Structures are given as C-alpha cells and as structure tokens.
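Just below is one structure, and these are the notes that go with it.
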Amino acid sequence: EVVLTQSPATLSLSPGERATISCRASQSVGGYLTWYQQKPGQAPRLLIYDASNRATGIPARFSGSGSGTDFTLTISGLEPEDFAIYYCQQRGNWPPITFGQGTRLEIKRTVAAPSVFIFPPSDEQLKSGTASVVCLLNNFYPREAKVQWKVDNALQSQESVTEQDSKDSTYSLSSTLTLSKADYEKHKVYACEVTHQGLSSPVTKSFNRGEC
Amino acid sequence: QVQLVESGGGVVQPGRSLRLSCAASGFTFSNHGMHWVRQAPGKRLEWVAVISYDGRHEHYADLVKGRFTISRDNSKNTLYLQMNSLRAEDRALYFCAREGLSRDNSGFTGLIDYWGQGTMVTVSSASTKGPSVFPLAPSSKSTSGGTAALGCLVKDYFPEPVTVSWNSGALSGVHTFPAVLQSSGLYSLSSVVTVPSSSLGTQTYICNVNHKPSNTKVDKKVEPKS
Amino acid sequence: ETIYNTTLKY
Ligand SMILES: [Cl-]
Ligand SMILES: [Cl-]
Ligand SMILES: [Cl-]
Ligand SMILES: [Cl-]
Ligand SMILES: [Cl-]
C-alpha cells in the first residue's frame, strides 16, 4: 500500500498563528491527496482535495500544496475551531485507500511543572490479594513526561493522560503500578520518579510500606 | 446536511459476528458510492471497504477480506457491514461515509466527503464485570500547599464505559482519566479531585461510580489515610 | 454537488 507519514505529530500554536503540516507518501499518488480535520471520537471533515482545492464552505485560511509524494497543509490566522487533529488521505493509488497517522494542533501555553502525588494501595484492595500504587502528575505542560516506577531503588504498570485542561490547557497523568500482595510485601520503598521540562531536576515521590 | 446514523456496534466474542447499519438521509443515497472506515483507540484512520452506488462493485482492505461484507439496500437508504469471525484487532470505531460523485460514472472517486458519527465495536472474551472501587486516600503524600488530592480507583471492569461523579456532582478540580485496557482484558480508570486540605475533616468526599453494563452502582467514601 | 474525477474504474 501507499503509506502516508505526517510531520510533526503535535504542533503547539496559539490563535492567530500559522500551522504548517506535511504529509509524505511512500510512492506517487499524483495530486490525489485529501486533507481532513477531526476531533477525537467525531466525524472527520473534508477540507481540501486534489492537494490544493478547498472543499465547499471551507475558508481561505486553509490552503494546500505539493504533489506526488510531498504535500503541505497550511492554516494561517488560526482560530479556536482549528485546534483539532489533521489527517491526509490519498485516492491516487487504491485500493487500499490510506491515511496519515494524524497531526494534532494543541493550544500553546507556558511551561508548567507537574504536582506529583503518590497513593499506597487501599486496605480493601490488599484484602483481595492485589496492590495498586498510583502516581499522579497534576497540571503540567508540555505533555511529554517521563514517569518511572522505582521499587526499592530498582526500575520496574500502565498510565493514561487527560486532554488539555479546559481552563489552563495543561495535562494530568495517572500511572498505576499493580503487584500481587505477596510481591508488594517483599519490598519496602515505592517511588515514582518524574522527569519533566518544568523541573530543574527529577522529582521522586516516595513512601515506605507501613510507615506511619 | 447529509446525515449518516450508525448502529449495530457493541461487544462481541472472538470468532463471532456483528452487522453494522448506516442510515442515510440528506442526499440521494442511490447515486453515491459508500465507504466504511475504522479507527482503533489512539490510532489512525484505516479504510475498510467501498461499494458502488448500485451495489455492483466492492473492494476490501486485505485485513478484513473474506470476513467482512459491505452491502446496501437502497430502498431503505441503508448501508451495511457484515463482520464475521471477529478478532481482537478489529476493535475500533467504525464510520460509514459517502464519497463524491464522478463525472462519467466509469468508477469510484475515492473522495470520502461526508462521514457518520461512528459506532463502536469491541471484540473480547472477557465476561461482563462490574468494577471494584478502591479509595485513593488523601495524605501528606498527596498534598501541596493548601491543596490535597484524593480519588477513586475504578478497577477491573468490562466493558466500557463507566461514569464517575463526586459528592453526587456537588464537586471543579476533577480529573477523570481515560480508561486503560489491562493485560487481563479488564479495564481500569482513576478519577482524582483536588480539594482544600483544610476540608479533610469538615467535608466527606464520595465518588459515585456507575457501570451500566453490569448494572453496578457504587458510592465509596474516601477518607484521609490513617 | 461537487464533481470529482474517478480514480478507480469499475
Ligand atoms: Cl494504497
Ligand atoms: Cl496538499
Ligand atoms: Cl478564513
Ligand atoms: Cl458475542
Ligand atoms: Cl478529483
């Protein structure tokens, strides 16, 4: 198939600025390249087709260029409604029709260090034979964050991140380390080490099992 | 305004089937070619199949070949996607969509212009199960300045989704995280909320969890660590 | 409606 690869993965911009997104194809599709706009879990919207033609009702700030294997989507004078995910699609060599992996346009803001918190397993859970330790990173920016579990000084879970906060455009992250109760009781120090651009040095939040 | 309403999605076991429906209105259905496109959680759009205006020509993505069948009943303005022998990797949000008209009708345009809202498909051998709701007790390790974080771990449930509210909705400061699919095949999510640490005595905090699929309803009080 | 080129023949 014709693989489409977009760049960058995420673009941090603020209203009024210009977005430049690229889409490259493994082989030629001529000018048969389409651009779509989509919000997570929502219906995609057609923006541009044949590389540079704007679809019905699509405003002038949206423009496209390129051909064959190298394309560019440009959005000038960014408006609030423009912050979404953008996908390129090709209809030049199909089936199969193929799409890019998408480029997210996020709301730009200043650096914000995360407030790191840690939660030992509940008594109710331990009764059941399992132990989940939770590390929370509240309201930080940018989104990239290195969250590593350290147990008794040894590197080891699953995590998920929220969307940009409605109010401050920051992110929050939750990481859960799950062990059998038997294993939980073999160790003593449970730590969550956070490396983030907002911190001059890594933050290790820790607790010792049983400490009061 | 084209209208594409999908249905038929849901939870199914590996090896089983589903048949999605896509009701169209707001355009001349019988004149347009139709497509099905899917999107796995956190992944890109993947084309599934296409069928001509008169249902006389079809094409499929290799991955669903011999398993899925795209069809249409123009009298009913409905497009279908028969999905047999479902696999875990078939889990995704399925969209039906129309493509633009061609000038000479000698073939498809591949110009997917209007899309539906999508219907979710989850393939798993997991049994419907309600969540265990464990407290995430506020403590010196969850407080910063005059703010304390406390929450609830909504663990081991299937299938999605669950709803969480705090103090029956009376509670800004809530961060309910996206569910996470565990190795066990069960989901787990955390809902945390920040409150004034000065309120830990004065105020009781309760997370209200509901998991309709298992008819589970839980109100767990979260008390400061002891 | 907008008219487009066909890119895949029947
Ligand atoms: Cl292809
Ligand atoms: Cl382009
Ligand atoms: Cl404009
Ligand atoms: Cl089933
Ligand atoms: Cl065209």
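Every chain in the structure tokens takes a letter, A first, then B, and so on in the order presented; its residues are numbered from 1, and the ligands are numbered from 1 following the presented order.
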
Would you mind listing the residues within 10 Å of ligand 5, counting only C-alpha atoms and all ligand atoms, as a PyMOL selection string? (chain A and resi 31-34+49-51+53+91-92) or (chain B and resi 100-103+109-111) or (chain C and resi 2-7)

Keeping only C-alpha atoms, take the residues you just selected and write them out as a PDB file, in the first residue's frame.
ATOM      1  CA  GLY A  31      -2.129  15.194  -6.835  1.00  0.00           C
ATOM      2  CA  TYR A  32      -4.831  12.935  -5.424  1.00  0.00           C
ATOM      3  CA  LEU A  33      -4.239  13.941  -1.825  1.00  0.00           C
ATOM      4  CA  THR A  34      -7.028  14.923   0.593  1.00  0.00           C
ATOM      5  CA  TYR A  49      -8.840  17.728  -2.142  1.00  0.00           C
ATOM      6  CA  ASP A  50      -6.514  17.244  -5.092  1.00  0.00           C
ATOM      7  CA  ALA A  51      -3.793  18.732  -2.906  1.00  0.00           C
ATOM      8  CA  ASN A  53      -8.644  22.605  -3.902  1.00  0.00           C
ATOM      9  CA  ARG A  91      -7.019   8.326  -3.535  1.00  0.00           C
ATOM     10  CA  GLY A  92      -4.381   8.150  -6.239  1.00  0.00           C
TER      11      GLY A  92
ATOM     12  CA  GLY B 100     -18.323  12.406  -4.022  1.00  0.00           C
ATOM     13  CA  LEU B 101     -19.841  11.928  -7.474  1.00  0.00           C
ATOM     14  CA  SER B 102     -17.699  11.159 -10.502  1.00  0.00           C
ATOM     15  CA  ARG B 103     -18.142  12.974 -13.810  1.00  0.00           C
ATOM     16  CA  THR B 109     -13.772   8.754  -6.877  1.00  0.00           C
ATOM     17  CA  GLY B 110     -12.384   7.734  -3.505  1.00  0.00           C
ATOM     18  CA  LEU B 111     -13.332  11.237  -2.414  1.00  0.00           C
TER      19      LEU B 111
ATOM     20  CA  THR C   2     -19.214  18.925  -6.485  1.00  0.00           C
ATOM     21  CA  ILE C   3     -17.999  16.670  -9.299  1.00  0.00           C
ATOM     22  CA  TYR C   4     -14.738  14.686  -8.949  1.00  0.00           C
ATOM     23  CA  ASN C   5     -12.510  12.530 -11.198  1.00  0.00           C
ATOM     24  CA  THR C   6     -12.890   8.782 -10.910  1.00  0.00           C
ATOM     25  CA  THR C   7      -9.662   7.223  -9.583  1.00  0.00           C
TER      26      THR C   7
END

- Query: Among range 42-162 of chain B, which residues carry a DSSP assignment of strand (DSSP E), reported as a PyMOL selection string?
  - Reply: chain B and resi 45-51+58-60+68-73+78-83+92-99+101-102+107-108+112-115+119-123+132-136+143-144+147-157

| query | Which protein, DNA or RNA residues have an atom within 7 Å of ligand 2, counting only C-alpha atoms and all ligand atoms, as an NGL selection string? | reply | :A and (33-34 or 51-52 or 64-66 or 71-73)

Checklist entry - Would you name the residues within 10 Å of ligand 1, counting only C-alpha atoms and all ligand atoms, and put them as a list in words? => result residues 1, 2, 3, 4, 25, 26, 27, 29, 90, 91, 92, 93, 94, 95, 96, 97, 98 and 99 of chain A; 47 and 61 of chain B

Write the residues of the selection above to a file with C-alpha atoms, as an mmCIF file, in the first residue's frame.
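part.cif, written as the output of this step:
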data_model
loop_
_atom_site.group_PDB
_atom_site.id
_atom_site.type_symbol
_atom_site.label_atom_id
_atom_site.label_comp_id
_atom_site.auth_asym_id
_atom_site.auth_seq_id
_atom_site.Cartn_x
_atom_site.Cartn_y
_atom_site.Cartn_z
ATOM 1 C CA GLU A 1 0.000 0.000 0.000
ATOM 2 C CA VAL A 2 0.934 3.666 -0.201
ATOM 3 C CA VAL A 3 1.993 4.618 3.304
ATOM 4 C CA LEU A 4 1.347 8.196 4.374
ATOM 5 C CA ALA A 25 3.825 9.244 0.621
ATOM 6 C CA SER A 26 5.904 6.085 0.061
ATOM 7 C CA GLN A 27 5.190 6.423 -3.672
ATOM 8 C CA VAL A 29 -0.416 9.444 -5.787
ATOM 9 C CA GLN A 90 -4.746 9.500 -0.751
ATOM 10 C CA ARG A 91 -7.019 8.326 -3.535
ATOM 11 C CA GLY A 92 -4.381 8.150 -6.239
ATOM 12 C CA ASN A 93 -3.341 4.526 -5.897
ATOM 13 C CA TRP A 94 -6.019 2.384 -4.317
ATOM 14 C CA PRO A 95 -7.347 0.074 -3.062
ATOM 15 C CA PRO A 96 -6.473 0.332 -0.323
ATOM 16 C CA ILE A 97 -7.252 3.970 0.415
ATOM 17 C CA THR A 98 -4.743 5.104 3.019
ATOM 18 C CA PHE A 99 -4.473 7.824 5.650
ATOM 19 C CA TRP B 47 -10.067 2.191 5.228
ATOM 20 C CA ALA B 61 -8.841 -3.929 2.829
#

Mind listing the residues within 8 Å of ligand 3, only C-alpha atoms and all ligand atoms counted, as a short mmCIF file (atom, residue, chain, number, x, y, z; two decimals) with C-alpha atoms, in the first residue's frame?
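Output file out-v6.cif is given in full below:
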data_model
loop_
_atom_site.label_atom_id
_atom_site.label_comp_id
_atom_site.auth_asym_id
_atom_site.auth_seq_id
_atom_site.Cartn_x
_atom_site.Cartn_y
_atom_site.Cartn_z
CA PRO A 59 -12.49 29.15 4.49
CA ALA A 60 -9.48 30.74 2.75
CA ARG A 61 -7.09 30.39 5.70
CA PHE A 62 -6.85 26.72 4.72
CA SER A 76 -2.99 30.80 8.65
CA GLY A 77 -4.63 33.06 11.21
#

Quiz prompt | Environment of ligand 4 within 9 Å, counting only C-alpha atoms and all ligand atoms, reported as an MDAnalysis selection string | solution = chainID B and resid 11:18 123:125

*Compute the set of chain A residues within 7 Å of chain B, using only C-alpha atoms, and express it as a ChimeraX atom specification.*
/A:42-44,46,91,96-102,117-119,122,124-125,160-162

| residue 174 in chain A environment, 6 Å, only C-alpha atoms, sequence neighbours closer than 3 positions dropped, as a list in words | residues 135, 136, 159 and 160 of chain A

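Picture a line from CA of residue 98 in chain B to CA of residue 84 in chain A; it runs 22.1 Å.
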
CA of residue 132 in chain A sits from CA of residue 175 in chain A at a separation of 9.8 Å

note - CA of residue 21 in chain A and CA of residue 99 in chain B are separated by 24.4 Å

Margin query: If we count only C-alpha atoms and set the cut-off at 6 Å, which residues sit around residue 78 in chain B, ignoring sequence neighbours fewer than 3 positions away in its own chain? Please answer as number ranges by chain.
Written below: B: 22-23, 72-73

If you count only C-alpha atoms, which residues fall within 12 Å of residue 186 in chain A, apart from same-chain ones fewer than 3 positions away, as a ChimeraX atom specification? /A:151-152,179-183,189-190,208-210

>> Need to verify the contact set: residue 10 in chain C, 12 Å, only C-alpha atoms, exclusion of same-chain residues closer than 6 positions in sequence. Can you return it as a PyMOL selection string?
In response: chain B and resi 33+50-59+102+104-109

Go ahead and save the residues from that selection, with N, CA, C and O atoms, as a short mmCIF file (atom, residue, chain, number, x, y, z; two decimals), in the first residue's frame.
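Result written to again_12.cif:
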data_model
loop_
_atom_site.label_atom_id
_atom_site.label_comp_id
_atom_site.auth_asym_id
_atom_site.auth_seq_id
_atom_site.Cartn_x
_atom_site.Cartn_y
_atom_site.Cartn_z
N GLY B 33 -21.35 6.35 -4.01
CA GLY B 33 -20.61 5.18 -3.59
C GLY B 33 -20.49 5.38 -2.09
O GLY B 33 -20.53 6.51 -1.61
N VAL B 50 -15.44 -0.43 0.24
CA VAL B 50 -16.20 0.50 -0.59
C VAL B 50 -17.17 -0.29 -1.44
O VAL B 50 -16.93 -1.44 -1.77
N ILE B 51 -18.29 0.35 -1.77
CA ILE B 51 -19.29 -0.29 -2.60
C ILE B 51 -19.89 0.77 -3.51
O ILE B 51 -20.10 1.91 -3.08
N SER B 52 -20.14 0.41 -4.76
CA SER B 52 -20.70 1.34 -5.73
C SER B 52 -22.12 1.78 -5.40
O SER B 52 -22.78 1.20 -4.54
N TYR B 53 -22.57 2.82 -6.09
CA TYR B 53 -23.90 3.36 -5.89
C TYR B 53 -24.99 2.30 -6.05
O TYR B 53 -25.96 2.28 -5.30
N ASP B 54 -24.81 1.42 -7.03
CA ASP B 54 -25.78 0.37 -7.29
C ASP B 54 -25.43 -0.96 -6.62
O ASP B 54 -26.05 -1.98 -6.91
N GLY B 55 -24.44 -0.94 -5.73
CA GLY B 55 -24.02 -2.15 -5.02
C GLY B 55 -23.44 -3.24 -5.89
O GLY B 55 -23.34 -4.39 -5.46
N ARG B 56 -23.01 -2.90 -7.11
CA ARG B 56 -22.48 -3.88 -8.04
C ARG B 56 -20.97 -4.08 -8.08
O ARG B 56 -20.49 -4.95 -8.79
N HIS B 57 -20.23 -3.28 -7.33
CA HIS B 57 -18.78 -3.43 -7.29
C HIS B 57 -18.32 -3.18 -5.86
O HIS B 57 -18.78 -2.24 -5.21
N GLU B 58 -17.43 -4.03 -5.36
CA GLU B 58 -16.93 -3.89 -3.99
C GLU B 58 -15.43 -4.12 -3.87
O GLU B 58 -14.83 -4.86 -4.66
N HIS B 59 -14.82 -3.49 -2.87
CA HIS B 59 -13.40 -3.64 -2.62
C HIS B 59 -13.17 -3.65 -1.12
O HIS B 59 -13.85 -2.95 -0.37
N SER B 102 -18.72 11.15 -9.47
CA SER B 102 -17.70 11.16 -10.50
C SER B 102 -18.35 11.86 -11.69
O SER B 102 -19.57 11.99 -11.72
N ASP B 104 -18.04 10.89 -15.11
CA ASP B 104 -18.51 9.94 -16.14
C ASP B 104 -19.03 8.60 -15.61
O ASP B 104 -19.43 7.74 -16.39
N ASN B 105 -19.04 8.43 -14.29
CA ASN B 105 -19.52 7.19 -13.67
C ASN B 105 -18.88 5.94 -14.25
O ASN B 105 -19.56 4.93 -14.48
N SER B 106 -17.57 5.99 -14.48
CA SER B 106 -16.84 4.85 -15.01
C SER B 106 -16.17 4.15 -13.84
O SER B 106 -15.56 3.09 -13.99
N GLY B 107 -16.28 4.76 -12.66
CA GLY B 107 -15.68 4.20 -11.46
C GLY B 107 -15.81 5.06 -10.22
O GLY B 107 -16.51 6.07 -10.22
N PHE B 108 -15.14 4.64 -9.15
CA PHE B 108 -15.17 5.35 -7.87
C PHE B 108 -14.28 6.59 -7.89
O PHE B 108 -13.34 6.68 -8.69
N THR B 109 -14.56 7.53 -6.99
CA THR B 109 -13.77 8.75 -6.88
C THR B 109 -12.80 8.62 -5.71
O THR B 109 -11.68 9.13 -5.76
#

Can you pull out every residue from range 25-207 of chain A that DSSP, working from the backbone, puts in helix (DSSP H, G or I), and format the result as JSON, numbers by chain?
{"A": [80, 81, 82, 123, 124, 125, 126, 127, 181, 182, 183, 184]}

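Using only C-alpha atoms, the protein and nucleic acid residues lying no more than 7 Å from residue 68 in chain B, apart from those fewer than 4 places from it along its own chain, are residues 64, 81, 82, 83 and 84 of chain B.
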
Any chance you could export the current selection's C-alpha atoms as a compact mmCIF listing (two decimals), in the first residue's frame?
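As written to disk, out-v3.txt reads:
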# COMPACT_ATOMS: atom_id res chain seq x y z
CA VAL B 64 -10.96 -7.92 6.55
CA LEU B 81 -21.04 -4.01 7.12
CA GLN B 82 -21.27 -7.70 7.90
CA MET B 83 -18.40 -8.55 10.23
CA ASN B 84 -17.72 -12.25 10.67
